[PDB]
Each structure stands twice: as structure tokens, then as C-alpha cells.
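Chemist: Questions regarding the structure given below will be posed in turn.
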Amino acid sequence: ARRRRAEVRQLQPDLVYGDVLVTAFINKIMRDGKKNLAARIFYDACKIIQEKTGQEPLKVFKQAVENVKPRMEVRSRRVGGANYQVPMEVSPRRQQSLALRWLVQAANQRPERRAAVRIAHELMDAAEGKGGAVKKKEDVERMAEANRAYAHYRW
Amino acid sequence: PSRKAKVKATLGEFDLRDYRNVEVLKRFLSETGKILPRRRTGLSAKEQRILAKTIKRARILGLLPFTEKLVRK
Amino acid sequence: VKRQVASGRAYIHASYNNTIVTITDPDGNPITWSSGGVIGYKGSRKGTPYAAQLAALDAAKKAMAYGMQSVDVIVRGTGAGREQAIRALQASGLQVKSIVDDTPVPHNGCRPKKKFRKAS
Amino acid sequence: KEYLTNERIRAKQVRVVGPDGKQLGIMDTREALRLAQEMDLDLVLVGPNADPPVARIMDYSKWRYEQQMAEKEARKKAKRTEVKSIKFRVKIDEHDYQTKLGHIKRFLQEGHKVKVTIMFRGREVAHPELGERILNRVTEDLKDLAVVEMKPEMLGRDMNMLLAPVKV
RNA sequence: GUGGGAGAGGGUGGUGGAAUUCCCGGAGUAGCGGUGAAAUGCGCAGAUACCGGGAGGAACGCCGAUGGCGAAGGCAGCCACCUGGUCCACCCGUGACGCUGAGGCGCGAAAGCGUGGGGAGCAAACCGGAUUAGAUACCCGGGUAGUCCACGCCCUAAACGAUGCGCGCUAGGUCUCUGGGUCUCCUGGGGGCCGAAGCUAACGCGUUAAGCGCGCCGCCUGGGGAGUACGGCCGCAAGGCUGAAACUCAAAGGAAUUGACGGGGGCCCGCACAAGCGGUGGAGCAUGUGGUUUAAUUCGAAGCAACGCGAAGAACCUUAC
RNA sequence: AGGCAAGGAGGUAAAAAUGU
Ligand SMILES: [Mg+2]
Ligand SMILES: [Mg+2]
Ligand SMILES: [Mg+2]
Ligand SMILES: [Mg+2]
Ligand SMILES: [Mg+2]
Ligand SMILES: [Mg+2]
Ligand SMILES: [Mg+2]
Ligand SMILES: [Mg+2]
Ligand SMILES: [Mg+2]
Ligand SMILES: [Mg+2]
Ligand SMILES: [Mg+2]
Ligand SMILES: [Mg+2]
Ligand SMILES: [Mg+2]
Ligand SMILES: [Mg+2]
Ligand SMILES: [Mg+2]
Ligand SMILES: [Mg+2]
Ligand SMILES: [Mg+2]
Ligand SMILES: [Mg+2]
Ligand SMILES: [Mg+2]
Ligand SMILES: [Mg+2]
Ligand SMILES: [Mg+2]
Ligand SMILES: [Mg+2]
Ligand SMILES: [Mg+2]
Ligand SMILES: [Mg+2]
Ligand SMILES: [Mg+2]
Ligand SMILES: [Mg+2]
Ligand SMILES: [Mg+2]
């Protein structure tokens with residue numbers, strides 16, 4: 001936290017597709033350390049995707065993720081007149097993580113009864129370009145531009 | 001720490017008590033109309049003082065500029 | 001009624017409180033001017049670099065709507081937006097002939113306000 | 001708040017309003033623009049919510065300025081007078097008390113509502129007897145300039161009253 | 001004395017630009033200004049920003065120095081004039097004419113005051129706006145006296161090198177300015193920096209000594225009372241000089257040392273914050289505590305480091321009430 | 001071109017009375 005750069009965990013890759021991104025998403029989904037339950041949820045979502053917008057559900061998921069990956073976000077920094085929301089660029093891995101988080105939030109903000117279903121729907125929405133996660137991303141982008149003044153307070 | 005030239009040796013032998021001679025004195029101003037400091041001109045203290053006085057005289061008469069628009073930037 | 005020229009002068013007044021860019025004719029008759037508060041930015045941002053840049057861009061755009069093309073950048077006052085403003089102008093496609101400083105420094109003229117003393 | 005002016009307007013037919021109140025009816029937007037140019041003014045879409053949008057030939061900038069002025073007036077008429085607070089203590093000597101009273105009076109004169117809290121700290125049990133007495137005394141002193149807006153209300157390590165000017 | 005300099009030395013007469021501000025002309029428009037943020041403030045009766053001209057005061061950027069001059073206070077555009085100090089070389093003249101200097105006369109920053117102007121900026125007071133518990137303050141917007149000049153008075157200062165003046169001596173190195181020389185090196189005279197001896201409570205000073213000496217002057221004699229009263233003097237006034245004691249404390253004080261500290265500086269660090277997940281605060285209950293109640297609700301634990309703690313087992317016992 | 005600095009700027013620095 002102070003001493004070193006503190007490396008990223010190389011997540012043990014997936015089984016159904018062999019993708020680390022997939023694993024990451026599963027992890028994000030999972031609460032209370034119940035991976036199997038979440039992994040199952042993810043696979044249900046995938047199945048739903050396959051059923052509906054008849055495409056390879058991994059690819060769709062990836063597309064969705066890409067759609068919600070931000071480039072600019074507003075870090076809170078104090079420069080005198082209390083704190084300023086200060087727009088800065090977001091690092092790749094970090095950005096990905098953020099996107100995943102947002103996606104998960106969107107999924108578990110959605111109306112319908114069951115999570116797997118919700119997740120699938122969210123993914124579809126992201127792929128399309130609309131809905132929760134994407135909206136969040138848009139908001140964040142706006143915040144970055146509506147504060148672009150302060151940009152020069154690069155950390 | 002700036003090692004290029006010095007307006008003492010750069011110029012030939014001249015009279016810096018001569019303020020009519022101005023093409024010899026525009027050597028000692030900046031890109032601004034500013035008297036170059038010691039480490040720019042490379043004259044002795046007395047000499048420098050004399051030069052400054054001459055420059056001022058020239059300016060008063062209107063031969064060397066008092067202030068200038070700084071080009072390029 | 002517009003007058004048109006294609007050439008001219010871009011006076012950038014960069015204060016710390018605000019940057020104001022007046023674009024004007026090759027003689028110096030104000031064509032179109034822009035400021036911090038002009039482009040919405042009212043407050044501290046008014047004289048922030050980004051704000052200055054924005055103002056400059058606006059001014060350039062306005063000039064272009066008078067067929068103005070080739071400008072002569074004159075920069076007065078050191079402020080946050082003087083460089084940024086210049087950059088913006090350069091970007092705008094407006095042919096910046098020369099960037100020339102004209103900071104109105106007193107030749108030890110009359111006394112500043114208390115803030116600008118202390119450093120005397 | 002703000003509208004579409006001349007070139008900003010993309011809608012084809014618009015209802016043209018004059019500098020004072022000249023009803024020109026539903027004209028083309030282009031025609032309106034031309035008219036504005038002739039007048040050396042600008043047509044600004046004043047009612048985009050109306051039958052083929054209502055648009056006034058005006059000096060838009062002037063109108064904006066006027067609006068701003070009005071806003072300023074509204075906020076300057078919002079009364080700059082507010083709450084001044086004067087924390088007293090339990091063991092406050094006489095001179096200091098009088099100074100505080102003077103301050104309060106000044107505030108009242110200015111036009112201000114006065115939060116006249118008594119700070120407590122240590123024992124904070126005998127507090128109302130002495131603190132309350134002090135408050136009462138203060139009120140008595142300001143019988144003529146201050147009407148008691150409130151009545152002593154102990155929250156934290158303190159008890160606050162508010163005071164109001166006698167006559168407005 | 002002869003010859004020669006260096007200089008923001010002093011006065012006087014001029015004058016040259018930048019800038020500000022204002023007026024006027026233009027062109028142009030919705031803000032400008034300001035700030036840590038703001039707000040008053042000025043702005044379509046057209047401001048700001050821009051060019052053209054004029055008015056006017058005041059200061060003199062760059063050179064600029066760690067520099068120079070002056071006895072200090074001080075003194076900076078440039079020119080001219082008057083004039084002061086000063087240094088050097090020549091050793092030419094006088095031949096002890098020297099040094100100091102109580103009183104005295106003169107000078108003496110700034111603020112101040114008086115009369116006359118002048119007034120651009122600035123700016124005490126003052127009026128606004130904020131900030132704040134308050135704000136008579138910092139921060140901003142204005143604004144008078146003042147600041148500028150003329151003449152008159154005031155005389156103080158951290159008028160400080162906190163180092164009275166002079167002369168002699170007692171290592172050097174060094175940068176410097178400014179003279180002289182048979183001149184990449186000597187010799188004078190200033191201004192700094194580091195150091196021999198020495199000194200010094202130490203800090204430091206150290207050929208510009210705070211060293212060694214000598215001469216003369218000033219002054220001190222614990223702190224506070226107090227630069228006060230009282231007297232005297234000076235001043236138009238403010239006030240200055242001169243200058244106590246009664247009392248009162250066991251100190252007041254210097255230099256440094258070790259710490260502690262800092263809304264000093266650097267280098268670090270910790271789940272410190274941040275990035276993240278989860279809770280606490282909200283419910284109910286469980287527990288412990290405060291409080292209050294009570295015959296008693298034993299007793300202890302108190303920010304972190306007390307509060308599911310002593311208690312790893314209160315129905316009786318335990319239990320101390 | 002990068003080096004290392006010399007020097008000018010411009011941004012940070014601006015917010016703190018309560019016991020036993
Ligand atoms: Mg002579
Ligand atoms: Mg005008
Ligand atoms: Mg002789
Ligand atoms: Mg003889
Ligand atoms: Mg005497
Ligand atoms: Mg005076
Ligand atoms: Mg002012
Ligand atoms: Mg006030
Ligand atoms: Mg106030
Ligand atoms: Mg003020
Ligand atoms: Mg006077
Ligand atoms: Mg005096
Ligand atoms: Mg001194
Ligand atoms: Mg002095
Ligand atoms: Mg003394
Ligand atoms: Mg004497
Ligand atoms: Mg001297
Ligand atoms: Mg010497
Ligand atoms: Mg020794
Ligand atoms: Mg020494
Ligand atoms: Mg020496
Ligand atoms: Mg001694
Ligand atoms: Mg006195
Ligand atoms: Mg007397
Ligand atoms: Mg001490
Ligand atoms: Mg955290
Ligand atoms: Mg604990």
C-alpha cells in the first residue's frame with residue numbers, strides 16, 4: 001500500500017470457456033464466498049443469452065463488458081475550497097474491474113425475480129448499448145467532462 | 001548552466017561610451033528591450049555599468065527600445 | 001451587419017481570475033470576444049486553464065463565422081490560461097501567424113495593492 | 001430558462017412576436033430570421049411549448065441581461081440578515097457579560113436573529129439555575145430591542161435561545 | 001600640492017518611456033471583477049477585453065550584484081549644472097598643525113502636524129461584503145487623511161554591525177568592488193565569506209577582531225514598577241529629551257544542551273487514508289456501562305489502552321450487597 | 001535529442017474554544 005505496487009492476482013481461469021474475465025465476473029457476482037452458486041448463476045445467464053439473442057454467450061458478455069468500460073472517472077481531491085471532483089483517466093485492469101462491478105450492480109438492480117435471468121438481461125442490455133451499467137458509465141463520463149476544468153490536478 | 005556565447009568576445013573592439021553607435025548596442029539587449037545581465041554580456045563591472053548608462057541614453061534619445069514584444073514564445 | 005477580413009489579431013488577456021480572448025482586426029478593432037463567464041463557466045473555473053482554452057476556441061469559431069482565418073496572437077498577463085488558450089487557438093485551424101507577448105509590466109510604475117506588495 | 005435563437009431554431013413554421021408586442025402570426029422561420037436581421041435584432045423561440053412555436057424578435061442578449069438583473073434583485077431582496085450566535089458561559093464576569101450584551105444589541109440593530117446559547121462544560125447539573133438565571137437577565141436587559149423568539153432549549157453541552165428584533 | 005579616477009553622495013533646472021487611472025474617439029457585447037470558495041462591487045445609460053489620441057500624478061522595470069556612495073538618517077530613469085565627501089599614484093610642500101570630544105550648533109527614515117498647492121495609484125480611519133462563536137482582523141470591494149511637491153515644525157526607530165571614534169600591532173586562504181604598477185603577479189583603499197593565535201558564558205568574533213594595547217567620550221549597576229510620575233526644558237499639538245522613588249518578586253536574563261512540541265522542512269512507514277468487500281449507526285433481541293431507581297440494584301474497569309471487562313457459567317452457594 | 005542545472009513563471013500552502 002505504501003512500500004510496493006502490490007500485484008494483481010492471476011485468477012485461476014474458467015472451465016466452461018477457459019476465460020479469466022469470466023472467472024472475474026463470477027467472483028463479482030458471488031457474495032458470501034459461495035462460488036458454485038454464483039458460477040451456476042453465470043452459466044444460467046449464459047444459457048438464457050444463448051436462448052434469446054442467439055449468439056455465443058461468452059462473446060456477448062465480453063461485448064457488454066467492453067461497452068461499460070470507462071476511460072475517465074472523477075477522483076475526489078481537495079485543493080482548497082473543500083474537496084473537488086477531479087477527472088482522470090482510468091487504468092486498464094482497474095477500468096475492467098469497475099465495469100464488472102457496475103454490471104453486477106445493474107443486474108441486481110433490475111426488476112425481474114431471479115438473479116441469473118437478471119444477469120443475462122443486463123448483459124444483453126450492455127451489448128445493445130442501453131440499460132443500467134451503460135447508464136452508470138455514461139453518468140461517470142459526464143461527471144468527467146462536467147469537471148474537465150479540474151483535469152490539470154493530475155495526481 | 002548555459003555555455004553558448006558572451007557578447008563581450010562575440011563583438012569586436014568597440015566603444016561602449018558611444019551611444020550613437022546602436023547596431024553595436026542592440027547586441028546587449030534581450031529579445032525584449034532589456035539590458036542583458038553580467039552573465040550574458042560578460043563585461044567587467046565598471047564596463048557593464050558604463051554600457052548600461054549608454055543604453056539608457058540611447059533609449060532616451062530613441063535608438064534602442066525600452067521594451068519589446070517577445071516573439072515566438 | 002458583418003464586415004469580414006480573413007486576417008487579424010487575437011488578444012489574450014490572461015488574469016488569474018479569468019481569461020478573456022478578444023479577437024480583432026489587423027489594426028485592432030474588436031471583432032468577437034470570449035471570456036470565462038461567456039462560455040458559462042462562472043466562478044473559480046472562469047480563470048482555470050481549461051476554461052481559458054474553451055473561451056479561445058469559442059472566439060476562434062466566432063472569427064471563422066466572419067471568414068477570419070489568419071490571426072496574430074498577442075498574449076497579455078500571465079495566468080493559468082495563457083498557454084492553454086494559445087494551444088486552443090493553434091488547434092482551431094486558425095492560422096496563428098505569431099505568438100507575441102505584451103505583458104503590461106510597469107517600468108517601476110505606481111504602487112500595487114497590498115496583495116502585490118510583500119513580494120514588494 | 002434559455003431558448004433557440006435564429007439559426008438554433010430548426011422547426012419550419014414559427015409564430016412571430018415583436019419588439020414590444022407585435023403579433024405577426026405563424027410565419028416561416030427563415031422569414032422571421034430575415035425580419036430580425038432587418039431590425040438588427042434576433043428571433044428567439046420564447047414559447048417552444050406553443051402552437052407553431054412562439055418566437056420573439058428581440059435583442060436576446062439584452063433580455064438575458066435583464067433576466068440576470070432581476071435574479072440579482074431577487075437575491076439581494078432575500079434579506080442578508082440571519083443568525084448571529086453568542087455563546088455565553090456559566091462563570092462569566094460582569095464586564096465581559098456587558099460586552100456580549102453590547103454585541104447582541106449591535107446585531108439586533110443590524111437586523112439579526114440572535115442564538116444566545118450558554119456554553120456548559122463541567123458539572124452541567126446546577127446549570128439551569130445559574131445558566132437559566134443568566135439567560136433571564138440577558139432577556140431583561142434587552143426588553144426594548146429584543147423580543148424572545150424562543151425559550152431556552154438544552155441540546156448538547158449547552159442551552160440555546162434565539163432572540164428577535166422588537167420592531168421591524 | 002600635482003596628476004588621475006569611482007560612485008543610487010547632496011541640491012537645482014530640465015526631461016523619457018512603460019504602467020496605472022481618467023476623459024474623449026472608435027470598434028465590439030454580457031459580463032467583468034474578485035476568491036481558498038464566495039459575496040457585495042461596477043456593467044446594454046454598453047462595462048470588461050482591443051486600438052487611436054489627450055489629461056494627469058507618481059514611481060523609476062531591465063542593468064542590479066552577495067555591488068557603489070554617504071557620518072548616519074539614507075540614496076537608483078537619463079541629462080545638465082552647482083557642490084560634498086573619498087581613494088590612488090607622485091613623495092613635492094607644511095612641520096605634530098594630532099586624537100577625542102561634556103556642553104553647543106548642524107543633520108536625522110517613517111509616521112505625525114501647520115500653511116499653500118497637487119492628487120494617478122495606493123491607502124490608515126471609515127463604509128460595504130464575506131469568514132467566524134464573535135471579527136472592531138486577516139480575505140475581498142470601495143474610501144478619507146496621508147502618501148507627492150513647496151516652505152515651516154517635529155525628532156523618534158530594531159536611526160542595528162543591536163559592535164562609540166581614532167591610532168598601533170598580531171597567520172593565511174578566499175570572492176568581490178575600486179585605484180596604482182616593470183600587470184598570467186604585486187601594492188593601496190573599501191565590501192563579504194571561511195579560518196591561525198588570542199578571545200568569548202557560549203554563540204561566535206577573528207587585519208573591517210568582539211584579539212592584544214593606548215587615548216578620549218557615552219553608558220550600565222537585578223527584574224517589574226517605567227521610559228512612568230514629579231520637576232525642568234523643547235515643540236503649535238501629538239509628543240520628545242531629561243528621569244526617579246515608594247513598593248514588589250527571587251528572580252528577570254543570555255548562550256547553548258537534552259527533550260517535548262509545531263496548523264516548520266525532508267525521508268520513510270502502518271489497513272492510516274485512498275481502491276475494495278463487508279458491517280456499526282437505523283429494527284428487535286443478547287449482553288456490558290452511564291444514569292436513575294432501590295433495602296440493596298456489591299465492588300473494581302474511563303479516551304485510544306473502560307464499556308460480551310475482572311466473571312472460563314450470579315436461581316441457592318457463588319456474593320463481596 | 002536526452003542529460004544536469006541555471007533562471008522566469010504557473011498550481012499546492014489558506015480551515016482547530018468545551019473535561020476527571
Ligand atoms: Mg586633485
Ligand atoms: Mg470608450
Ligand atoms: Mg616631503
Ligand atoms: Mg622643514
Ligand atoms: Mg553632543
Ligand atoms: Mg513624511
Ligand atoms: Mg483601492
Ligand atoms: Mg467589516
Ligand atoms: Mg460583516
Ligand atoms: Mg481594504
Ligand atoms: Mg502635509
Ligand atoms: Mg524626521
Ligand atoms: Mg541591520
Ligand atoms: Mg539601519
Ligand atoms: Mg541603540
Ligand atoms: Mg560622535
Ligand atoms: Mg562605505
Ligand atoms: Mg580587503
Ligand atoms: Mg583557536
Ligand atoms: Mg569568521
Ligand atoms: Mg582577509
Ligand atoms: Mg566581549
Ligand atoms: Mg517614547
Ligand atoms: Mg511634564
Ligand atoms: Mg534562550
Ligand atoms: Mg478506506
Ligand atoms: Mg477497549
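Residue numbering restarts at 1 for every chain of the C-alpha cells, chains are lettered A, B, ... in their displayed order, and ligands are numbered from 1 as they appear.
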Identify, with DSSP run on backbone atoms, the residues in chain B assigned to alpha helix (DSSP H), and express the list as a list in words.

Modeler: residues 7, 8, 9, 10, 38, 39, 40, 41, 45, 46, 47, 48, 49, 50, 51, 52, 53, 54, 55, 56, 57, 58, 59, 60 and 61 of chain B

Chemist: Hey, can you spit out that residue selection with C-alpha atoms as a CSV table (one decimal), in the first residue's frame?

Modeler:
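Written out: selection.csv:
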chain,number,residue,atom,x,y,z
B,7,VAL,CA,28.5,39.5,-26.1
B,8,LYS,CA,32.0,40.8,-25.0
B,9,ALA,CA,34.1,38.4,-27.1
B,10,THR,CA,31.3,38.0,-29.7
B,38,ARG,CA,26.5,40.5,-16.5
B,39,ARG,CA,26.5,36.7,-17.1
B,40,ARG,CA,25.0,37.4,-20.6
B,41,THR,CA,27.3,40.3,-21.7
B,45,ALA,CA,31.6,45.6,-13.5
B,46,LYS,CA,32.7,49.2,-14.4
B,47,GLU,CA,32.4,48.4,-18.1
B,48,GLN,CA,28.9,46.9,-17.6
B,49,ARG,CA,27.8,50.0,-15.7
B,50,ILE,CA,29.1,52.2,-18.5
B,51,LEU,CA,27.3,50.1,-21.1
B,52,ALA,CA,24.1,50.3,-19.2
B,53,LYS,CA,24.3,54.1,-19.0
B,54,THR,CA,25.0,54.3,-22.7
B,55,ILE,CA,22.0,52.0,-23.4
B,56,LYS,CA,19.8,54.2,-21.2
B,57,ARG,CA,21.0,57.3,-23.1
B,58,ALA,CA,20.2,55.7,-26.4
B,59,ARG,CA,16.7,54.7,-25.2
B,60,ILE,CA,16.1,58.3,-24.1
B,61,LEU,CA,17.2,59.6,-27.5

Chemist: Residues of chain E were defined as contacting chain D if any atom lay at most 10 Å from it, counting only C-alpha atoms (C1' of nucleotides); please report them as a PyMOL selection string.

Modeler: chain E and resi 29-31+40+43-44+132-134

Chemist: Please identify the strand (DSSP E) residues within chain C (assignment by DSSP from backbone atoms) and present them as an MDAnalysis selection string.

Modeler: chainID C and resid 9:14 19:24 30:34 70:76 95:101

Chemist: Check every residue of chain F for an atom within 12 Å of chain D, counting only C-alpha atoms (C1' of nucleotides), and provide those that qualify as a ChimeraX atom specification.

Modeler: /F:17-20

Chemist: Measuring atom to atom with only C-alpha atoms (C1' of nucleotides), identify which of E:139, E:88, E:321, E:82 is nearest to chain C.

Modeler: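 That would be E:139, the residue with the smallest distance to chain C.
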
Chemist: Any idea what's packed within 9 Å of stretch 41-44 of chain C, counting only C-alpha atoms (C1' of nucleotides), ignoring anything in its chain fewer than 6 positions away? Could you give it as a ChimeraX atom specification?

Modeler: /C:17-18,35,51 /E:35,37-38

Chemist: Keeping N, CA, C and O atoms (P, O5', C5', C4', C3', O3' and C1' of nucleotides), export the residues of the selection given above as a PDB file, in the first residue's frame.

Modeler:
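selection-v9.pdb written:
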ATOM      1  N   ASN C  17      -7.940  35.322 -12.299  1.00  0.00           N
ATOM      2  CA  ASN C  17      -9.365  35.238 -12.017  1.00  0.00           C
ATOM      3  C   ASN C  17     -10.164  34.780 -13.214  1.00  0.00           C
ATOM      4  O   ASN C  17     -11.192  34.116 -13.054  1.00  0.00           O
ATOM      5  N   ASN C  18      -9.685  35.143 -14.404  1.00  0.00           N
ATOM      6  CA  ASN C  18     -10.359  34.861 -15.669  1.00  0.00           C
ATOM      7  C   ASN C  18      -9.416  35.036 -16.840  1.00  0.00           C
ATOM      8  O   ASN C  18      -8.464  35.805 -16.761  1.00  0.00           O
ATOM      9  N   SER C  35     -14.888  34.989 -23.120  1.00  0.00           N
ATOM     10  CA  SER C  35     -14.345  35.010 -21.760  1.00  0.00           C
ATOM     11  C   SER C  35     -14.687  33.721 -21.011  1.00  0.00           C
ATOM     12  O   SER C  35     -15.278  32.807 -21.590  1.00  0.00           O
ATOM     13  N   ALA C  51     -10.968  26.419 -18.979  1.00  0.00           N
ATOM     14  CA  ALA C  51     -11.946  27.479 -19.260  1.00  0.00           C
ATOM     15  C   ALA C  51     -11.398  28.434 -20.297  1.00  0.00           C
ATOM     16  O   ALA C  51     -12.098  28.795 -21.256  1.00  0.00           O
TER      17      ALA C  51
ATOM     18  P     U E  35      -8.290  37.655  -5.903  1.00  0.00           P
ATOM     19  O5'   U E  35      -8.315  36.955  -4.471  1.00  0.00           O
ATOM     20  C5'   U E  35      -9.408  37.172  -3.550  1.00  0.00           C
ATOM     21  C4'   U E  35     -10.123  35.882  -3.220  1.00  0.00           C
ATOM     22  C3'   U E  35      -9.375  34.595  -3.517  1.00  0.00           C
ATOM     23  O3'   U E  35      -8.347  34.317  -2.570  1.00  0.00           O
ATOM     24  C1'   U E  35     -11.643  34.373  -4.165  1.00  0.00           C
ATOM     25  P     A E  37     -10.053  29.284  -5.401  1.00  0.00           P
ATOM     26  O5'   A E  37     -11.469  28.790  -4.861  1.00  0.00           O
ATOM     27  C5'   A E  37     -12.637  29.616  -4.984  1.00  0.00           C
ATOM     28  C4'   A E  37     -13.775  29.030  -4.193  1.00  0.00           C
ATOM     29  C3'   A E  37     -15.093  29.790  -4.309  1.00  0.00           C
ATOM     30  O3'   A E  37     -15.890  29.318  -5.388  1.00  0.00           O
ATOM     31  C1'   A E  37     -14.552  29.490  -2.021  1.00  0.00           C
ATOM     32  P     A E  38     -16.357  30.325  -6.546  1.00  0.00           P
ATOM     33  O5'   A E  38     -16.627  31.693  -5.775  1.00  0.00           O
ATOM     34  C5'   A E  38     -17.890  32.377  -5.872  1.00  0.00           C
ATOM     35  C4'   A E  38     -18.555  32.433  -4.517  1.00  0.00           C
ATOM     36  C3'   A E  38     -19.244  33.754  -4.195  1.00  0.00           C
ATOM     37  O3'   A E  38     -20.581  33.773  -4.674  1.00  0.00           O
ATOM     38  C1'   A E  38     -17.769  33.203  -2.431  1.00  0.00           C
TER      39        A E  38
END

Chemist: Compute the set of protein, DNA and RNA residues whose minimum atom distance to ligand 16 is at most 12 Å, using only C-alpha atoms (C1' of nucleotides) and all ligand atoms, and state it as a VMD selection string.

Modeler: chain E and resid 71 to 72 100 to 102 164 to 166 216 to 218

Chemist: Kindly give the distance, in Å, that separates atom CA of residue A:134 and atom CA of residue A:67, rounded to a single decimal.

Modeler: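 One can read the atom CA of residue A:134 to atom CA of residue A:67 distance as 6.9 Å.
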
Chemist: Would you list the contacts of residue E:74 as a list in words, taking every protein, DNA or RNA residue within 12 Å and counting only C-alpha atoms (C1' of nucleotides), but skipping same-chain residues closer than 2 positions in sequence?

Modeler: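 The filter keeps residues 8, 9, 10, 69, 70, 71, 72, 107, 108, 109 and 159 of chain E.
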
Chemist: Find the distance between atom 1 (Mg, counted along the ligand's line) of ligand 21 and atom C1' of residue E:207 and write it in Å to one decimal.

Modeler: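 Going from atom 1 (Mg, counted along the ligand's line) of ligand 21 over to atom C1' of residue E:207 covers 6.8 Å.
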
Chemist: Which residues come within 8 Å of residue B:73, counting only C-alpha atoms (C1' of nucleotides), excluding same-chain residues fewer than 4 positions away, as an NGL selection string?

Modeler: :C and (99-101)

Chemist: Selected residues, N, CA, C and O atoms, written as a CSV table (one decimal), in the first residue's frame, please.

Modeler:
chain,number,residue,atom,x,y,z
C,99,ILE,N,2.9,34.2,-32.1
C,99,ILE,CA,2.5,34.3,-30.7
C,99,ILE,C,3.5,35.3,-30.1
C,99,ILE,O,4.7,35.0,-30.0
C,100,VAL,N,3.0,36.5,-29.7
C,100,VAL,CA,3.8,37.6,-29.2
C,100,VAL,C,3.3,38.0,-27.8
C,100,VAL,O,2.1,38.3,-27.6
C,101,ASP,N,4.3,38.1,-26.9
C,101,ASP,CA,4.0,38.6,-25.5
C,101,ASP,C,3.9,40.1,-25.5
C,101,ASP,O,4.6,40.8,-26.2

Chemist: Show which residues sit within 8 Å of residue F:10, as a ChimeraX atom specification. Count only C-alpha atoms (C1' of nucleotides), and ignore same-chain residues fewer than 4 positions away.

Modeler: /C:78-80

Chemist: Generate a file of the selected residues that holds N, CA, C and O atoms, formatted as a PDB file, in the first residue's frame.

Modeler:
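Produced file again_8.pdb, reproduced below:
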ATOM      1  N   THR C  78       0.198  37.090 -17.370  1.00  0.00           N
ATOM      2  CA  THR C  78       0.424  35.702 -17.009  1.00  0.00           C
ATOM      3  C   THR C  78      -0.718  35.294 -16.085  1.00  0.00           C
ATOM      4  O   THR C  78      -1.078  36.028 -15.158  1.00  0.00           O
ATOM      5  N   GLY C  79      -1.294  34.162 -16.473  1.00  0.00           N
ATOM      6  CA  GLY C  79      -2.416  33.480 -15.859  1.00  0.00           C
ATOM      7  C   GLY C  79      -2.389  32.005 -16.260  1.00  0.00           C
ATOM      8  O   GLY C  79      -1.610  31.577 -17.120  1.00  0.00           O
ATOM      9  N   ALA C  80      -3.253  31.209 -15.648  1.00  0.00           N
ATOM     10  CA  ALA C  80      -3.292  29.779 -15.941  1.00  0.00           C
ATOM     11  C   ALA C  80      -3.612  29.461 -17.407  1.00  0.00           C
ATOM     12  O   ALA C  80      -3.056  28.524 -17.978  1.00  0.00           O
TER      13      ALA C  80
END

Chemist: Residues of chain B within 12 Å of chain C, counting only C-alpha atoms, what are they? List them as a VMD selection string.

Modeler: chain B and resid 31 to 34 66 to 73

Chemist: At a cut-off of 12 Å, using only C-alpha atoms (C1' of nucleotides), what residues contact residue D:141? Leave out same-chain residues fewer than 6 positions from it and give the result as a PDB file with N, CA, C and O atoms, in the first residue's frame.

Modeler:
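Below you can see out.pdb, which holds the result:
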ATOM      1  N   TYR D  97     -19.700  40.155  30.222  1.00  0.00           N
ATOM      2  CA  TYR D  97     -21.136  39.968  30.010  1.00  0.00           C
ATOM      3  C   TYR D  97     -21.712  41.191  29.298  1.00  0.00           C
ATOM      4  O   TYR D  97     -22.475  41.066  28.341  1.00  0.00           O
ATOM      5  N   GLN D  98     -21.334  42.361  29.793  1.00  0.00           N
ATOM      6  CA  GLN D  98     -21.804  43.617  29.231  1.00  0.00           C
ATOM      7  C   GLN D  98     -21.366  43.765  27.793  1.00  0.00           C
ATOM      8  O   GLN D  98     -22.160  44.170  26.961  1.00  0.00           O
ATOM      9  N   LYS D 100     -20.707  41.344  25.728  1.00  0.00           N
ATOM     10  CA  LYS D 100     -21.500  40.369  24.984  1.00  0.00           C
ATOM     11  C   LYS D 100     -22.886  40.954  24.656  1.00  0.00           C
ATOM     12  O   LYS D 100     -23.381  40.846  23.532  1.00  0.00           O
ATOM     13  N   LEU D 101     -23.476  41.579  25.663  1.00  0.00           N
ATOM     14  CA  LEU D 101     -24.784  42.220  25.566  1.00  0.00           C
ATOM     15  C   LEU D 101     -24.763  43.285  24.493  1.00  0.00           C
ATOM     16  O   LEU D 101     -25.671  43.368  23.679  1.00  0.00           O
ATOM     17  N   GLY D 102     -23.713  44.094  24.509  1.00  0.00           N
ATOM     18  CA  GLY D 102     -23.500  45.173  23.539  1.00  0.00           C
ATOM     19  C   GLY D 102     -23.467  44.607  22.136  1.00  0.00           C
ATOM     20  O   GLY D 102     -24.112  45.143  21.227  1.00  0.00           O
ATOM     21  N   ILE D 104     -24.710  41.790  21.107  1.00  0.00           N
ATOM     22  CA  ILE D 104     -26.058  41.294  20.821  1.00  0.00           C
ATOM     23  C   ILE D 104     -26.936  42.437  20.316  1.00  0.00           C
ATOM     24  O   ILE D 104     -27.658  42.298  19.322  1.00  0.00           O
ATOM     25  N   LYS D 105     -26.857  43.554  21.032  1.00  0.00           N
ATOM     26  CA  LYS D 105     -27.616  44.766  20.727  1.00  0.00           C
ATOM     27  C   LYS D 105     -27.302  45.237  19.327  1.00  0.00           C
ATOM     28  O   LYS D 105     -28.212  45.560  18.550  1.00  0.00           O
ATOM     29  N   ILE D 134     -28.996  33.607  34.153  1.00  0.00           N
ATOM     30  CA  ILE D 134     -28.179  34.459  33.287  1.00  0.00           C
ATOM     31  C   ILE D 134     -28.967  34.825  32.028  1.00  0.00           C
ATOM     32  O   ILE D 134     -29.001  35.997  31.622  1.00  0.00           O
ATOM     33  N   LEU D 135     -29.593  33.804  31.447  1.00  0.00           N
ATOM     34  CA  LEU D 135     -30.392  33.966  30.238  1.00  0.00           C
ATOM     35  C   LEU D 135     -31.525  34.965  30.473  1.00  0.00           C
ATOM     36  O   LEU D 135     -31.766  35.870  29.652  1.00  0.00           O
ATOM     37  N   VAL D 147     -37.366  40.952  21.258  1.00  0.00           N
ATOM     38  CA  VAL D 147     -38.405  40.003  21.654  1.00  0.00           C
ATOM     39  C   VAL D 147     -37.857  38.586  21.547  1.00  0.00           C
ATOM     40  O   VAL D 147     -37.202  38.228  20.557  1.00  0.00           O
ATOM     41  N   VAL D 148     -38.117  37.800  22.588  1.00  0.00           N
ATOM     42  CA  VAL D 148     -37.644  36.424  22.676  1.00  0.00           C
ATOM     43  C   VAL D 148     -38.395  35.599  21.637  1.00  0.00           C
ATOM     44  O   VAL D 148     -39.599  35.354  21.770  1.00  0.00           O
TER      45      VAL D 148
END

Chemist: Enumerate residues in contact with ligand 25: an atom-to-atom distance of at most 8 Å, counting only C-alpha atoms (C1' of nucleotides) and all ligand atoms. Format the result as a list in words.

Modeler: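 Final answer, ordered by chain and number: residues 254, 255 and 256 of chain E.
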
Chemist: Write the residues of the preceding selection, restricted to C-alpha atoms (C1' of nucleotides), as a PDB file, in the first residue's frame.

Modeler:
ATOM      1  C1'   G E 254      21.874  35.434  27.918  1.00  0.00           C
ATOM      2  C1'   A E 255      24.049  31.426  25.276  1.00  0.00           C
ATOM      3  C1'   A E 256      23.532  26.754  24.410  1.00  0.00           C
TER       4        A E 256
END
